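**Student:** Can you read through this structure? Questions will come right after.
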Amino acid sequence: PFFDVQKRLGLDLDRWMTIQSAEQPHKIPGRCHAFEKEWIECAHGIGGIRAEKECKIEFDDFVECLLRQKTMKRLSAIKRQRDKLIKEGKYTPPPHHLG
Amino acid sequence: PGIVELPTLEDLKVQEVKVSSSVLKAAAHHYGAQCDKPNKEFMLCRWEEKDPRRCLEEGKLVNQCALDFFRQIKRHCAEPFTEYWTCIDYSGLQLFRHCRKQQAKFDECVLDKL
Amino acid sequence: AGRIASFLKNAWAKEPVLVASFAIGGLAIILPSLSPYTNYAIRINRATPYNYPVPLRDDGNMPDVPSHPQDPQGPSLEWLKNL
Amino acid sequence: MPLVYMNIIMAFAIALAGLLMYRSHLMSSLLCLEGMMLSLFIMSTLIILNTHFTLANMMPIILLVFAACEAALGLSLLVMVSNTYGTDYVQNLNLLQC
Amino acid sequence: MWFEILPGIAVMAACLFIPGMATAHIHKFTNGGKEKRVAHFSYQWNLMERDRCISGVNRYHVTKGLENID
Amino acid sequence: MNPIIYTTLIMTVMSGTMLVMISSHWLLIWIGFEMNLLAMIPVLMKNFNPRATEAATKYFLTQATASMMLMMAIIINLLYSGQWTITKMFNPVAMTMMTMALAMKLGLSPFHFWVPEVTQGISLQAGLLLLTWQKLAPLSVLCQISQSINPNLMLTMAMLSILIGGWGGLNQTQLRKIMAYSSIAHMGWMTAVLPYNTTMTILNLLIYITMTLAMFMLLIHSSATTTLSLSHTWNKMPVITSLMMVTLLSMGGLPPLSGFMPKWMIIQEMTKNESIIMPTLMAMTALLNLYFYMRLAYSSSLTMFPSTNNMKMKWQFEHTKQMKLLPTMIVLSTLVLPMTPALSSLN
Amino acid sequence: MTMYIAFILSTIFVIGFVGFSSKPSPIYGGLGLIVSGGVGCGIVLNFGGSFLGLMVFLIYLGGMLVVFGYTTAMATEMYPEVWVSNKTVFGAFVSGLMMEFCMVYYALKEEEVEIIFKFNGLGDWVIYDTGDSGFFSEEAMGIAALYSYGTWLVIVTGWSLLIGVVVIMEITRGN
Amino acid sequence: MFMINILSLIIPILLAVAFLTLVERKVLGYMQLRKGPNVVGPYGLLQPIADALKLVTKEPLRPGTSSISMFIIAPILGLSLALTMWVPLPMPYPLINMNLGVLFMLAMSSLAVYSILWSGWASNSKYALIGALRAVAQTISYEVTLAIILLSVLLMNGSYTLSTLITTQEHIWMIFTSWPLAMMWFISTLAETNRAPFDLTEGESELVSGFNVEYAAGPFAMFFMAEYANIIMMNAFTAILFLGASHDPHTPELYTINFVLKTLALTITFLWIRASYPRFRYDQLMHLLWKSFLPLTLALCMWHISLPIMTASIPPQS
Amino acid sequence: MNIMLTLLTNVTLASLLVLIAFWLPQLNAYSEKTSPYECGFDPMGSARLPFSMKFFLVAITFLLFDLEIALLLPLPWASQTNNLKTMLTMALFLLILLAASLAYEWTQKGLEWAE
Ligand SMILES: COC1=C(OC)C(=O)C(C/C=C(\C)CC/C=C(\C)CC/C=C(/C)CC/C=C(/C)CC/C=C(\C)CC/C=C(\C)CC/C=C(\C)CC/C=C(\C)CC/C=C(\C)CCC=C(C)C)=C(C)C1=O
């Protein structure tokens, strides 16, 4: 906040939605609750300058959980390689993954 | 950036209880009271450890205690229970509100026989 | 009294809908504070168990928390049955 | 970041491009203005639903509350420019060149 | 007279009766007698999916009572 | 417009800007901008002249486009970070989208062809309110997000503003038009120092607010809108235009007038950051701003201009309106250099 | 074929988006927005947002109705334009269709699109999450908390809309 | 077994409107001392078929100034919207068990007006544009009361699911708790479907046409069958929402019989008022809603938000 | 699946009825049968020139009021909260401003239709 009246006046106006690990209705946790919880607990009061260099892997795990960028990339490679291998005829899916 | 220690398939080969959702919905209250101890222990492991891969055995105890609950019900009140869960199953929403009479047969059966 | 009664009677003649709507609109705000069942509505909503009542580890010295659902100690809502 | 994100992000670009190329109509211009609002609402809905950001599900609603509010402002402005100048092509209001 | 109006109602009332009866009977016919299970929430759907897996024949309505376990 | 509605319409504008400077949530910041735009459009077309309608219109499409781009840049930041707090932007495209999204609200780079004629069409009263109050909100957002700002883009935003603002003002006669380009010139000055020290642009904002305020309500008192119409004020009000000299000199940064305090203090800060070529540049191109200030100074009372015989009964009557803080505003707008170290109060 | 309706629905969303962004006659622009708006509601419904999907359906339909209700009121052309009509709108239209159809071709043939951000084609069904929702829909409870957790948002939204009626009359009054 | 279900709904629906046109004149005539159609078949039981068959064999023609595309799609919009809207109606068990059935019907019913002016605008006629512009502001202003009335009543439901009305008014009819809202709900339904205290959409006395301005055999048949289907439902929706009926889970036929009877009685009332009142002028029908219906609408809304709280009767969400 | 099949069947049924509408009845038409209808005598040339109606002010407030009903739509699920006092105060607050907006719109000509 530019002029932090919420901190001074000691009431909440929007510091209840700004994060995913806040008190959600009926304690419905978000997808990446644990990932961001570690990240915020990591860089709390340390400052933005120190946060961007020290709490880096915690952010990367959290940002990955948000998008699954690498995990979906891993799945994309599994399916593509499986497709060409099955199409050529080296190996066929086992009966558990048919029914 | 590491490995994933997926448990042995053998560990995921415990007895798989086989009753339809209406059967469980009929047992409900009586199951909850007479099978709470293994149930609570398993979920506390679930909430504390936050990892089912560390709480399979507590899951197994639930299945074994669930079997004993259902093993007793067949031995003593198989017929009224069969009458009851059938009456629940007919409803599309499985409401206890429409099968009070069959419930009255069921609870008195297990009360004076189990 | 004379000023108010003349105004209410006059509005009751020309624009019955407005004086009507302002009535129920007025009552819709002031009774809910007065009526005593508002606390019951909070209790009913609070008592509804959408989530699991997650068990809390027993390290002793928790006399009020029951060990079994049928135990007498704990939040009892027999008032709902009576109400 | 699957292809549905590409579709609505690339969509918003054409809403941006569509707005920034006024050809002959204020009304059609306002259409592209409210067009932007779809992709923003739709993308926002996809985000907080995918992430289960339940408390933030109100954000698409508040977007819409302030959405039509601008939409009303645009047509109300369009009322007078068309009323006192006849049409809504955005070329006849160049009296403010000097 | 006014009773001549009634044939106008009757051929409509029967026609409007069909969708109520057809939907009610089709659901019962296609779900083995019992009403079609309604899943307004994910928990209801979870019971239905477990019913499909448990039945073996991949039919949610096909129900197994106590006799499945022993 | 009825007086009571006008007040509440203004209060909504101040509340909308205040919401921007106190909220920590990105959605609320966007809301504060939306409320600011919504309550201002009626203010511009208060008198309902034909000009004001498209003047208010050009306001609307420009800022709505800016608001929509700002919303989009917020959304991407949420997508890649899951955060609504105003700390920094974790997607470079998200930031590189907001700079222009905020710029068009400020009117700095070629996102500026709305500022001149929107000032021209609307009345002088809303012109003052447009060029001073409407800049606290977008600048406040920039100050908070000042950490994650692309210096190459932000500096170019300001450098373009100074050049165009100075160049454009040389070919303007309508006093409102010259004020808009002059304001655009000061836009670059405040925004150039933004990446380095945010305390400095606050200081330049405060000085520029006093300059634009004091200049405008002098124009209101003179009741003039073109250079020729201002010229005759020497016959009626000599002190107003004589005071207008010092404000014009101060607005050009000619020291020891207060207007030097930003231009001086800013240059000192960037040279601390090894920026030398660029600070020399705006030092050079601030002079074209000074040109049409002196031409205004020459035309107002430095050389008494031909008058009109209809001015006799004009001298027989005095102003009934009561501009306040005008005697105060001139003091801060002219002589506060001895209190320069007071910038640390902002810090 | 029912592989994943998300792309197909979003494609019609873009093609409908292309339409009114090409600057037709305003009435035909309403149709181009409505198809995109209707299918956009379909996209959100498919993602679990049942309430929000029909929500944008009801509001927008009323929103765009007064839009082209206005165009025939005082923004109508004595000879209205059409999708073909002038070569400019024809050029603006066909440009949009060929554009989007190029990106989707660029999208579905390598699945590693890197325009601006990264876009990999693997199926929007993947990003879904495994887990129940109890006896409540998550979206409905989230937007229900507006009256309990969002009392600040209600105030600013309510006041702005009330001011919204004030400006609309004040702008449109005149004289 | 779903195509059979759908075609077990579409055919009965189109046959219901089919003979509603016979029970219109045969009721309208008897209320104006006439006798109605009793020549084509016994008691007129074949007149609509004779009407329909003619209306698919007499020369259709697009207007010379029409817009072909929008002229043709408007009947598609009217008919498909009317049919698709019956889908979530909970006759014992609804065909499609939508979780938000109420919101669905509100959305699509708000869409059935795009047909009326797309037809009006494309027809390029002076009476067409007048009737189109009459209707749009007529419906949307009547839509604000439509939305709030539904919300205020459904606050006792606890959800928007249409099936829950069966459970909600299980012991007591809903009208006995919301009769003031029932009156404006019935009037609004008379207004959205354009029956004749507010049939100004057609405006035959002053606008000769407007439902179907140059529209001919086929397209005229659609724009008729698309609004007479709305007549039957908007009373079926009124019946399901206010006048509940006993529903035995084992024998749904009793509920369907009861549900049909309420729709039939309500539909007769739609025909009954149609021949007992003059025509509202445009400003009057707008004044009635914006100046008399809405103030009572909001006031009774605030009552129904507070009422469950003061009486501790918050309905179950599930 | 179920919803889209129903949507498809309706549009095919409607479109088929159009197809048999324009093809089964054969046409013997000319340029005078396609003339626009104007109750007999020749039209003066209209139906596309600006036809300015008067309820534009209340037409656009409907859009504003339709946003109010969007804001107060989630009320059925809002009652299922643990802090009804705050929910009741806010729920009535939106209704009050909705009433207040209508009342102020009423007083200043507003709903009156321009002459
Ligand atoms: C001012 O106020 C006013 C009003 O009121 C307020 C009014 O009221 C009126 C109206 C005036 C009056 C009432 C006065 C008297 C006038 C009349 C009665 C006019 C009568 C008008 C009519 C239209 C007659 C209506 C009567 C009848 C009998 C209609 C009967 C209906 C039919 C013959 C059709 C019924 C439906 C059928 C047959 C459907 C068949 C469907 C199928 C076979 C299946 C189709 C679907 C499929 C096969 C799906 C599968 C296909 C797939 C999947 C294809 C896939 C394809 C791929 C390519 C993929 C006016 C004028 C008015 O001024």
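Per deposition record, electron microscopy, 3.5 Å.
Just so it is clear, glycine is given a Cβ too, placed from its N, Cα and C backbone atoms.
Okay, these came from Swiss-Prot:
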type: TRANSMEM; residues: F:3-23; note: transmembrane segment
type: TRANSMEM; residues: F:25-45; note: transmembrane segment
type: TRANSMEM; residues: F:59-79; note: transmembrane segment
type: TRANSMEM; residues: F:89-109; note: transmembrane segment
type: TRANSMEM; residues: F:149-169; note: transmembrane segment
type: TRANSMEM; residues: F:178-198; note: transmembrane segment
type: TRANSMEM; residues: F:200-220; note: transmembrane segment
type: TRANSMEM; residues: F:237-257; note: transmembrane segment
type: TRANSMEM; residues: F:274-294; note: transmembrane segment
type: TRANSMEM; residues: F:325-345; note: transmembrane segment
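Surface or core, plus neighbours and distances: that's what I need for these features.
**Tutor:** Remote same-chain residues near the transmembrane segment (F:25-45) are listed as 1, 6, 9-10, 12-13, 15-19, 52-53, 55-56, 59-60, 63-64, 67, 70-71, 74, 77-78, 84-86, 105, 118, 121-122, 126, 129-130, 134, 137-138, 141 (criterion: CB distance under 8 Å, separation of at least six residues from the stretch ends).
Sequence-distant contacts of the transmembrane segment (F:89-109) (same chain, at least 6 residues past either end, Cβ-Cβ under 8 Å): 33, 62-63, 65-67, 69-70, 72-74, 76-77, 79-81, 83, 115, 134-135, 137-139, 141-142, 145, 148-150, 153-154, 156-158, 160-161, 184, 187-188, 191.
Under 8 Å from some Cβ of the transmembrane segment (F:200-220) lie the Cβ atoms of residues 124-125, 127-128, 131-132, 135-136, 139, 143, 175, 179, 183, 186, 189-191, 193-194, 230, 240, 243-244, 247-248, 250-251, 258-259, 261-262, 265-266, 269, 321, 323, 325-326, 329-330, 332-333, 343, 346, all in the same chain and six or more residues away from its ends.
Long-range contacts of the transmembrane segment (F:237-257) within its own chain (CB-CB distance under 8 A, at least 6 residues past either end) are made by residues 182, 211, 214-215, 218, 221-222, 230, 263-264, 286, 289-290, 293-294, 296-297, 300-302, 330, 333-335, 337.
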**Student:** Considering only Cβ pairs within less than 8 angstroms, which of the stretches F:3-23, F:178-198, F:274-294 has the most against the transmembrane segment (F:149-169)?
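**Tutor:** Counting Cβ pairs under 8 Å, the winner is F:178-198.
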